[PDB]
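Visitor: Before anything else, here's the structure in question.
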Amino acid sequence: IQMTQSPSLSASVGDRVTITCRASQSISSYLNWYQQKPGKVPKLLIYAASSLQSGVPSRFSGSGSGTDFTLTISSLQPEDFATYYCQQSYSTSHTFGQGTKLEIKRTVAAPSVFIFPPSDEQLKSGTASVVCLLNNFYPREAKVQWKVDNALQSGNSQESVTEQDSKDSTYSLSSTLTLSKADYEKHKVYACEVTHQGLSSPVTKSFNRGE
Amino acid sequence: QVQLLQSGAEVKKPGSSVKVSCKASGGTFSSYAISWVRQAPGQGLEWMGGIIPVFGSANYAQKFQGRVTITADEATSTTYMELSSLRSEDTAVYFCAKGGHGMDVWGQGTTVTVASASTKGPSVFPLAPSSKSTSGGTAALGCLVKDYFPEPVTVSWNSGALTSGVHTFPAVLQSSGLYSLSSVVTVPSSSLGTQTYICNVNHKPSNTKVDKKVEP
């Protein structure tokens, strides 16, 4: 009924890979594979456990029976870095695996922080978002702590991450801490310490409101 | 060749229902096995259920039983997806594929946002460039778009001109109900007192094309 796939994987160009999708109960050879990149629609890659759809490059090959299956790719290209989803097409109810996003590996890039204190039109509107940006870093797991008046926050801050870039393959994050006019005017310092796979020391950015 | 044509984007209140088309203009129908898969924001595909005309009956996956109903009116070569008792996690891009296994061709999708909030153009605020917005010879401004509904909202700078180093972040869903995002553009420090910086946000679901200008 279910289908088991791990989430991510990071590889280089040329590298060889194998996305394993296992199954709970046995399906024989009624597993299929699909490839989908952002804002786009799923393109069927493999089906019949091992049978390449039409138009599929020879680096792609399916393999495997019973309960466990494999999408193996030969050498890797700029284009193959998508998300591959497996699908059980054996039972009455086709089932999908959670998907495996292949992203491009590369050399560490410590993020360069930015802390845009609130505007004015917002403050006068009734609230206040505080934007702490992180430009071009890798890997993608950069942590951001929000501190107010030396107090540790949690719940009021929302983060977001740009999809990996084709050219330099980096990431850019963006934490946005929103508060209420009053709430906001009743605190001095505003920093966001960032710990990152690239920084031996968490970098801090801040500004004492009303300045 | 054969094409799947799905219905228009829908904004149903957290409780309404919803039926979706998915016309098929290619060759046959009768045998093409239609299937309905939905995909929440940055989430795996999720097979809601499929069917086969010539056989009329369909089956739906467990959690979707009782509240879902997919039909097909071959006399029109179309398929219909019926989803009742709506909640907030039912929000997503609904696809209807075909396979006449494997599952060849798919549709363009369908955006059904469910949430107890009404449409609304977004505000717009200058993420002004100052001391705490630079390093080396690079300063970076940006535009904070906020409180709109539903998706999506485009953002072009200097009306298409500016193209390099502009990160238009993904949207963010808020407790409030409305989404929000922003677009920073890390440009040259020097180029501040010299060039003009204006972002072009636009939210057509509410006919809007606000324009602001970031400055120090």
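Going by the structure tokens order, chains are called A, B, ..., each with residues numbered from 1, while ligands are numbered from 1 in the order shown.
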If you run DSSP on the backbone, which residues of stretch 1-214 of chain B are strand (DSSP E or B), as a ChimeraX atom specification?

Guide: /B:4-6,10-12,19-20,22-24,35-39,46-51,58-60,68-73,78-83,92-97,111-114,120,123-126,134-135,138-149,154-157,166-168,172-173,179-188,199-202,211

Visitor: From stretch 82-188 of chain A, collect each residue whose DSSP state is alpha helix (DSSP H) and return the set as an NGL selection string.

Guide: :A and (181-185)

Visitor: Could you list, as an NGL selection string, the residues of chain B having an atom within 7 Å of chain A when counting only C-alpha atoms?

Guide: :B and (44-47 or 49 or 60-61 or 101-104 or 108 or 125-128 or 132-133 or 167 or 169-170)

Visitor: Could you save those same residues with C-alpha atoms as a tab-separated table (two decimals), in the first residue's frame?

Guide:
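File produced: again-v3.tsv:
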```
chain	number	residue	atom	x	y	z
B	44	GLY	CA	4.51	14.84	-3.21
B	45	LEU	CA	1.80	13.90	-5.67
B	46	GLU	CA	-1.20	12.28	-4.07
B	47	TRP	CA	-3.47	10.00	-6.01
B	49	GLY	CA	-8.65	8.36	-7.39
B	60	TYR	CA	-10.78	6.32	-4.53
B	61	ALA	CA	-7.93	6.06	-2.03
B	101	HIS	CA	0.39	0.86	-16.40
B	102	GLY	CA	2.39	4.05	-16.72
B	103	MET	CA	0.31	7.24	-17.02
B	104	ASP	CA	1.40	9.07	-20.16
B	108	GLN	CA	-2.03	21.67	-16.82
B	125	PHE	CA	6.95	48.15	1.39
B	126	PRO	CA	10.46	49.41	0.49
B	127	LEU	CA	13.13	47.20	2.07
B	128	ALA	CA	15.33	50.30	1.96
B	132	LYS	CA	22.63	47.05	7.67
B	133	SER	CA	22.23	46.11	4.01
B	167	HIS	CA	15.73	36.71	-5.77
B	169	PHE	CA	11.24	34.32	-2.83
B	170	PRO	CA	8.44	31.75	-2.67
```

Visitor: List the neighbours of residue A:12 out to 6 Å using only C-alpha atoms; skip same-chain residues closer than 2 positions along the sequence, and give me the result as a list in words.

Guide: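 Contacts, in chain order: residues 15, 104 and 105 of chain A.
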
Visitor: List the spatial neighbours of stretch 78-93 of chain B as a count of residues only - criterion: any atom at most 7 Å away, only C-alpha atoms, same-chain residues fewer than 5 positions off excluded.

Guide: 29

Visitor: Can you list, as a list in words, every protein, DNA or RNA residue that comes within 7 Å of residue B:203 when you count only C-alpha atoms, leaving out same-chain residues fewer than 2 positions away?

Guide: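 Contacts, with the query itself left out: residues 121, 152, 153, 154, 201, 205, 206, 207, 208 and 209 of chain B.
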
Visitor: When distances are computed from only C-alpha atoms, which of B:180, B:200, B:175, B:191 shows the smallest separation from residue B:138?

Guide: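 Of B:180, B:200, B:175, B:191, the one nearest residue B:138 is B:191, counting only C-alpha atoms.
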
Visitor: Can you pull out every residue within 12 Å of residue A:150, counting only C-alpha atoms, but drop anything in the same chain fewer than 5 positions away, and send it as a CSV table (one decimal) with N, CA and C atoms, in the first residue's frame?

Guide:
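Output file result-v2.csv follows:
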```
chain,number,residue,atom,x,y,z
A,145,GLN,N,18.5,32.2,14.2
A,145,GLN,CA,17.9,32.5,15.5
A,145,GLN,C,17.4,33.9,15.6
A,187,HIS,N,10.5,47.5,22.6
A,187,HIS,CA,11.7,46.6,22.6
A,187,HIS,C,12.9,47.4,22.0
A,188,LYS,N,14.1,47.2,22.4
A,188,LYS,CA,15.3,48.0,21.9
A,188,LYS,C,16.1,47.3,20.7
A,189,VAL,N,16.8,46.3,21.0
A,189,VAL,CA,17.6,45.6,20.0
A,189,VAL,C,16.8,44.6,19.1
A,190,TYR,N,17.3,44.3,17.9
A,190,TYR,CA,16.7,43.4,17.0
A,190,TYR,C,17.7,42.7,16.1
A,191,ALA,N,18.1,41.6,16.6
A,191,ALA,CA,19.1,40.8,15.9
A,191,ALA,C,18.7,39.4,15.5
A,192,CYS,N,19.4,38.8,14.5
A,192,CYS,CA,19.1,37.5,14.0
A,192,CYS,C,20.4,36.8,13.8
A,193,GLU,N,20.8,36.0,14.8
A,193,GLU,CA,22.1,35.3,14.7
A,193,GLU,C,21.9,34.1,13.7
A,206,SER,N,21.8,43.4,13.4
A,206,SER,CA,20.8,44.0,14.2
A,206,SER,C,20.6,45.5,14.0
A,208,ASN,N,18.9,48.9,16.7
A,208,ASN,CA,18.1,49.3,17.8
A,208,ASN,C,17.0,50.3,17.4
```

Visitor: Under the rule that only C-alpha atoms are counted, which of A:62, A:55, A:39, A:78 is the nearest residue to residue A:168?

Guide: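 So, comparing all the options, the nearest one is A:78.
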
Visitor: I'd like the interatomic distance between atom CA of residue B:137 and atom CA of residue B:159, to a tenth of an Å.

Guide: 24.8 Å

Visitor: May I ask for the distance between atom CA of residue A:20 and atom CA of residue A:64, given in Å to one decimal place?

Guide: 9.7 Å

Visitor: Need to verify the contact set: residue B:139, 10 Å, only C-alpha atoms, exclusion of same-chain residues closer than 2 positions in sequence. Can you return it as a PyMOL selection string?

Guide: (chain A and resi 114) or (chain B and resi 129-137+141+185-192)

Visitor: Calculated over only C-alpha atoms, which of the candidates A:124, A:106, A:196, A:37 has the smallest distance to residue A:144?

Guide: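 With only C-alpha atoms as the atom set, the closest residue is A:196.
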
Visitor: Kindly indicate which residue among A:200, A:25, A:79, A:36 lies nearest to residue B:43, using only C-alpha atoms for the distances.

Guide: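 Once distances to residue B:43 are computed over only C-alpha atoms, the minimum belongs to A:36.
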
Visitor: May I ask for the distance between atom CA of residue A:101 and atom CA of residue B:177, given in Å to one decimal place?

Guide: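 Computing it gives 28.6 Å between the two atoms.
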